[PDB]
Amino acid sequence: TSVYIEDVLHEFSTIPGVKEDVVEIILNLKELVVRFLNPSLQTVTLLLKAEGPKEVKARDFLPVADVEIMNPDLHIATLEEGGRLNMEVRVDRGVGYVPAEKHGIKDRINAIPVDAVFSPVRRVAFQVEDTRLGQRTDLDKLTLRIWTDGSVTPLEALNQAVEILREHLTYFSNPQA
Amino acid sequence: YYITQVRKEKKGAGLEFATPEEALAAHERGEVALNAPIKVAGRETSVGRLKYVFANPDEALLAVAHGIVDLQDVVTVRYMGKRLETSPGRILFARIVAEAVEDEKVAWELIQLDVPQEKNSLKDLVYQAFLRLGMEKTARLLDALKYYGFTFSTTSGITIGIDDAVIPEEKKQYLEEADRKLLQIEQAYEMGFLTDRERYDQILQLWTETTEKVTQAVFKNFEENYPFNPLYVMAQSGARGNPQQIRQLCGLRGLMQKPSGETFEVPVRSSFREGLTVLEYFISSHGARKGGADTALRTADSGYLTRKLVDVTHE
Amino acid sequence: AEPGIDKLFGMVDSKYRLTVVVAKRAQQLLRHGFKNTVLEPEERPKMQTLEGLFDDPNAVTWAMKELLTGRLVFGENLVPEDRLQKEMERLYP
Amino acid sequence: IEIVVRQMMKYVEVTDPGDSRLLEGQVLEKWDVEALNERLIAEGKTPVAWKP
Amino acid sequence: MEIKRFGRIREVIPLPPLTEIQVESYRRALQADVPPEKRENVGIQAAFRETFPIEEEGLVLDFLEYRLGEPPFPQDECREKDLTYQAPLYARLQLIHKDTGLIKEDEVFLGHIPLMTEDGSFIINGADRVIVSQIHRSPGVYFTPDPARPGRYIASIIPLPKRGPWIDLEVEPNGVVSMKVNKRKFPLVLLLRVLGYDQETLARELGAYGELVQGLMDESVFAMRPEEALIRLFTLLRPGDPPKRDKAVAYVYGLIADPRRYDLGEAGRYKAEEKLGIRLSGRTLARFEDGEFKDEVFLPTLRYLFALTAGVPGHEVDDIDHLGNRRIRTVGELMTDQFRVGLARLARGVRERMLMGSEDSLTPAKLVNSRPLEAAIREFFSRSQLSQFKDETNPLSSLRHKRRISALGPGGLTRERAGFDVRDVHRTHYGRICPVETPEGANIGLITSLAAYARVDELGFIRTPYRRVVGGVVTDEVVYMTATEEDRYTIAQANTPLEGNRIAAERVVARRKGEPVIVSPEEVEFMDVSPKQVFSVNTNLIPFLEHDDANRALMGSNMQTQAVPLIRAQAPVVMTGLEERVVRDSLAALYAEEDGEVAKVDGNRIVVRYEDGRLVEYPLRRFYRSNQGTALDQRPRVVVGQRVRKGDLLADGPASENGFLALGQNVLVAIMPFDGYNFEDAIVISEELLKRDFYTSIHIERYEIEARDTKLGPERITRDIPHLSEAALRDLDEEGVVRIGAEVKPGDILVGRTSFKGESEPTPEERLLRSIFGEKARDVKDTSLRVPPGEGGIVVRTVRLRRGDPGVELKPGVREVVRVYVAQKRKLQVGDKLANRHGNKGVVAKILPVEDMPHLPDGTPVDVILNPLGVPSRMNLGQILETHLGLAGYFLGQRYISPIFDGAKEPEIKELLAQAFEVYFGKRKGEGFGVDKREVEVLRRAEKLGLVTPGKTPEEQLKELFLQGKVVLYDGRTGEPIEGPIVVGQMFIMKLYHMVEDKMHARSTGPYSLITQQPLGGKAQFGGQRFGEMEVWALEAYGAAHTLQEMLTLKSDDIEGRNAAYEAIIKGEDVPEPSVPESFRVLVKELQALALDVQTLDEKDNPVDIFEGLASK
DNA sequence: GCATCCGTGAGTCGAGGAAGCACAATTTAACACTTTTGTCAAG
DNA sequence: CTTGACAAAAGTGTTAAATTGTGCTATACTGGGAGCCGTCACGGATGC
Ligand SMILES: [Mg+2]
Ligand SMILES: [Mg+2]
């Protein structure tokens, strides 16, 4: 949701010794997959301190309690000799797609809000086959295919989806004139 | 237009029977299609009209929901005390108008049930509704027509592919004939039987006639083999395009005019589906620029004329 | 379309007379704070607000509804203009 | 079209002034000369002869 | 991602330097690197040699040589400091005293000449500019038919523009040949007699044609002496001046014989000799030598006119629009013309200064005042119609701008006086001017583009390459020839089949003087190099161009110049092959000079260790704002230690992906109606595009403010703005300027400025208010720079120029100037304009969530939905073909190059689609999935639609649909399939420069005009909307008298009415009755200024005063 | 009648913003002083 | 409401700069300079 880079004021800038500009780095961070192991955890700050030359991946973040990086090999930036990258990445929990213009979250003055795509589900497909039971031959076989980023398993997402649909069905009660 | 147009089958298309029991029985055997025209005893009907008789429009549209029949299938429905023989789509259209004006009796008099709803039929419906109901009910009918037209065009399955520009098999035959007649025109011209100007006129007439025949062959193919082809439906219903534009896509581009006004002897024998050559594309650009220049120089004249008319008649 | 536009158009010989009548009545309603309306309390136009239903502030809407009821008289040389305003001020201060 | 054409045919040319101050060949409006003629005839005076 | 290439035509030569029309023309004019003694008589060298020596008739000022110095400031500094990138020009001149015979030489500083940059543009007052090449009628001798009288011809002699009068030669019905000059007609016998022509000579020369010579043998003047004839002619040409031989000869010599006043030109002289079959010694109609006039071209011109009338086989009329008769004036020639104009003014002052003041003690520096020369040069580069604000929306925009040919401008046609003839595509345009790329509207046919392979020659004539064909075998010898030379040959087509190098076809399609014909291989003499040479660079970027109607291809090529660079731009899935050369030739990307090794890679610069050992550091242009506000930055594409060969890519520029032109994104498209949101060119897009930042662009706005010296006191840039809280000053630094990195919204302060209030007693109400609150009025007021409505973003840069800074030439009275740069990252939104390369354009009308979009059976949602109803009327089928190839490429993971008119065909596209189906459907089979129930329902409809063959299996029928580019598509809202198979594919779509963010404007009240008091116009001025005549008619036709009266008075210029109306509304009251508009009062006073008594009367004819008694004495 | 001349007309929004000096005459500025005005405490 | 000090707050009156207007140069000088140039309609007026 927000990234702070030391010595960086906005995202329309470059960093000495770093091959990518801030805009490219933020795009790389949008692909970071972070799994919270604690259901009551709402926010975290991941710290990265790197000196060139090296390929800074998502595995370079300092460890945090109850936080796991699901794609350690994600490439973040390329540091040249004499380049340094000290940044704090704030990871939040939520639903939907919240543009940076809406939440505008900044943990400090120079922090840069990032557009948030909270959905863990990547792709959903369902298949209907022509099954038969007994003498009835018009029966349906439903197969749901769910692709997730790994933070939430497909079974967990399916259970959460079923509960949401079940909860909404309870709204067709207590009718009013 | 999509829902109010009925299907036509060719599988049966002619078989005569003695009783409807035989006619339906053949249908289960696959010998006749649902909408293929047949003669049961003396009258000409189809399997759908005999097989599917609905007590009212709600039952007919319930069967459509269950996939029993399509909107374009011709069946028998009982509506307003009459045992109509139409498709569920046309019965659906009648209900659309009836509910918009909230008058079933007046609505039945405003529509033509036994035709697809093209631009002209829909224009007559709006005008008649205005005369009988007024602005308020007519504006409601226009809102209902817009809603259902948008809804049905999304799920109907209208799309344009390269294969949708169907090339008639008659185009090859016509072009070979034009080559022989053109070669025959050159033979006579070599023999002195006609001059340069009459040779020039005869060439233009030959390609003007071939273009007309190719246009007719293009549309005859659509209405016989691909009645639901996207280009045919758009032009027939009035939604988009005319026969001239369809011919260039599917038939031949035709004759092009020089900047001086003369027409090139050699026409563009290729359509847009096949792709023009470099020389054909350049030759075709002469008319494209001329049309663009005429349009630009025509707006000033029309605008000037309107100002003259306003200033003479403003009082 | 405006509610009852067909009926309103049929009440005048010229469509522009209807606009003049509606436009003049709207000015009368505004000038007296809607206290001179011929509309009953259950006929008054309403607008849905966050707090709740309130009287419609649009005076042109009020005039069209009043004109449909048939309790308004319009015409030329009904009464002298000066006397009309004087009486309406007295009846609805 | 007929409204515009009615404006095109709105004028006449005086051919015989009669008992008026109009000059032969003068171009004026058809309505004006017709009103002028009826006034002149009302007082027993020769009317203006005009040309469409 | 592998690239598959289509096509059979082998191009023997590569595209020439795309900007050489600009770069080479300007090099020849300046000749800055050629040694002064080796310089040829062209460019400004010819301008110097034509004006000098300047003789007083006994001081002579002679020009020896010139030189150009190094520019005072580099290009980057000029942009920052609003300077012009130029070089100082010095001329080495010598003053010689004819009396004494003494020579003094010194180098005089003539001024500054703007320098063309490497890409072919100029920096004028800090702004990038392009000089558009001008097309005009070539000088020479032309023979056109007389329209009034059939069978009669007129001979026209045309010099260089503004280099002599046009001469007309005609045979009158009387039989006398009349010469028309400066609108005055006279008999050519008189001028012919002046040139020392006798009766016998005209008989020998022009007497073999018929009676025409008999009409040119009037002996009334032949016996007259040439001196008397010159005096007689001088009287006719200018009646009234005292006829004197010295004045008479000077007039005739300066009219047709003075090289400094009449200039037929190098091209005009070449054309005249080619047509008349003569050899002109110079470039003037006649020569004056030995105190006598000598004919040069009048007799040869008359001889041709007579023989053309007589009917000799070898003479013919001229087509004036024939491209062998029309030439191009490039930047070099256009600049040299203004250099000669101002250099003649410099000579005029020299003559009028060397006849007055210290005649003996004169030096070249004292005589020469270069201000006239500089003024002429600066006028050309600043206020010329052909000097245009550079178009740099993307790299292609600037490349196109430099190849444009304009028929307008000083010395050209008028936008409203150009007929169909000048706007038509001439047959000689083939291979020289693009037939499709032109502005649709009032400028159609008046602005054109150079064709890809065309080059302008030394004389200004466009030439195109052709392959020499000998004995039926095509050779690799390429010949560049003009339209006049092209007319002599039978030229075959590039698509002519060849068996190696021999023409295989028995019947060959060719051209003869532009007429298509069918010939044999032995009748072919030249061949087209490739189909690309017929079209411009923009048009050559449209794949499947042969399937698109030219009217839409015009739109397709024009819209590519308006695409904005994107942070995630992609090269198209289907390319034509010119994408790499456009980036290479635009000089936006960075390439290796030779083999080397990358030593340092950074976001700011790249250091390369070349094989010779020298280190080169390339700074990268980062977040630079172009003329259009789009951000242009270079992103490194190499890593430290990587080995690079010569010409390898080092960093991408704007709108390029690995060196390929990337003007947009490749998206998944479904062609189908969608709930009326596709209506009438509207486009429906998925929210998934925004989530992954497709069609997101960076735009930069520049705000400027100045602190000036004033009578009341100097304006100050300060943080201490009166009557402002700390919230409004929160982001301002101690200097009073907004801090870098702050976000600014409309109404926020950018730079704080206070100005001294004018001395004016306050109103009593405000004077009591101040007394009540005990606040003393301050002497300064708030005049700071704020963010305009609808704008804002992030402050990225602030520039501060102060008086006395090196290179800062601020205007007098200006203490300093502050510039603030605000960047904003724009995402695709509703109202933004999208387009593809085939002329299909529309605005986003709906952004749908991912779960509402149609999706494939595998769960993949489409990105864009396009209405099929836009195709049939437009006839641009190239987009359908691109979509089909995109669908195959999507599943095979490859990209394609299909050259225009020689590329992918349906049989090859269908063989690719068959492979794509195996990966697309074979993957499903291995996963353990069969055919969906929903697909079976669709397959049942499809066979009723004649799309699939009855009796086949579902998989075979699904493949039959796939080879047609159609798939079974599900509805994301219902989960049910669309009742018919849909055309789904991958298409390249561009986000154009037209954004609703820049165009939405609203106003209640604001600034008004000075004289008419009506609202100003333009969003920049916060102006109102024009309610023109046609809008008034619409209100009149509606009968809305009161609506019309409000807009005429209360809302436009009723000063008392608009004041009362505003006060009434904010008090909750109805607006009052309007009054007389102020525009009518202005009209009455203007009619009175013409001495006309305009009076408004009442029903009884008494005057009514509309001025409130303010003008009644 | 007849040519030849001149004069008037040719779409709409938007976005682009080179004497020099002398001297006299007049005006502006800076003192000077007196003459209001505004406060003060009383009274 | 006064009643007398008070102090700027302003105005009136000279004076000197600073600005502005005006007249005057004595070898002999004696008629300008820049367009140059691709449209088509009409009336309407004159050359007769
Ligand atoms: Mg994620
Ligand atoms: Mg039955």
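What's counted below: heavy atoms across the whole structure, side chains too, no hydrogens, waters or symmetry copies. Reminder, nothing fancy here: chain letters follow the sequence lines and each chain counts from 1.
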Determine whether a donor-acceptor pair (one donor, one acceptor, N or O, separation below 3.5 Å) exists between the side chain of E/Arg261 and the base of G/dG35. yes
Side chain of E/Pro242 - closest among G/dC36, F/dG14, G/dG31: G/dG31
Considering only NZ, NE, NH1 and NH2 on the basic side and carboxylate oxygens on the acidic side, decide whether B/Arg298 and B/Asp301 come within less than 4.0 Å. no
Would you please confirm or rule out a distance under 4.0 Å between OP1 or OP2 of G/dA34 and any side-chain N or O of E/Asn182? no
So how far is it from E/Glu1031 CD to E/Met1047 CE, rounded to the nearest 0.5 Å? 9.5 Å
Here's a test of your reading of the structure: between E/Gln1025 and B/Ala296, which maps to the more 5' nucleotide of DNA chain F? B/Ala296
Report the nucleotide, chosen from G/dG38, G/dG32, G/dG33, that has the shortest atom-to-atom distance to any side-chain atom of E/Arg238. G/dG33
For E/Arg137 against E/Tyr142, the heavy-atom pair lying closest together: NH2-CD1, 3.5 Å
Tell me what E/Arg137 touches on the nucleic acid: a base, only sugar-phosphate, or nothing, going by heavy atoms under 4.0 Å. base
Nearest-0.5 Å distance that lies between atom CG in E/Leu110 and atom CG in E/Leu373: 6.0 Å
Phosphate-side-chain proximity, E/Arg417 and G/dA41, N/O vs OP1/OP2 below 4.0 Å: no
Side-chain donor/acceptor of E/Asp321 to base of G/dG38, under 3.5 Å: yes
Using atom CZ of E/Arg163 as one end and atom P of G/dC36 as the other, report the distance to the nearest whole Å. 15 Å
Give me the distance, rounded to whole Å, that separates G/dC36 from F/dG11 when you measure between the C1' atoms they each carry. 34 Å
From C1'-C2'-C3'-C4' (positive north, negative south), G/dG32 puckers south
Work out how far the P atom of F/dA18 is from that of G/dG23, and round it to whole angstrom. 25 Å
Considering every strand and a 4.0 Å limit on heavy-atom distances, what is the contact class for E/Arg326: base, sugar-phosphate, or nothing? base
Which base, if any, makes a Watson-Crick or G-U wobble pair with G/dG38, both distances under 3.5 Å? none
Stacking status of neighbours G/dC42 and G/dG43 at 5.5 Å and 30°: yes
Closest contact, heavy atoms only, E/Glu50 versus E/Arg260: O-NE, 3.0 Å
The residue, E/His1001 or E/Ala442, whose nearest nucleotide of DNA chain F is more 5′ is E/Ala442
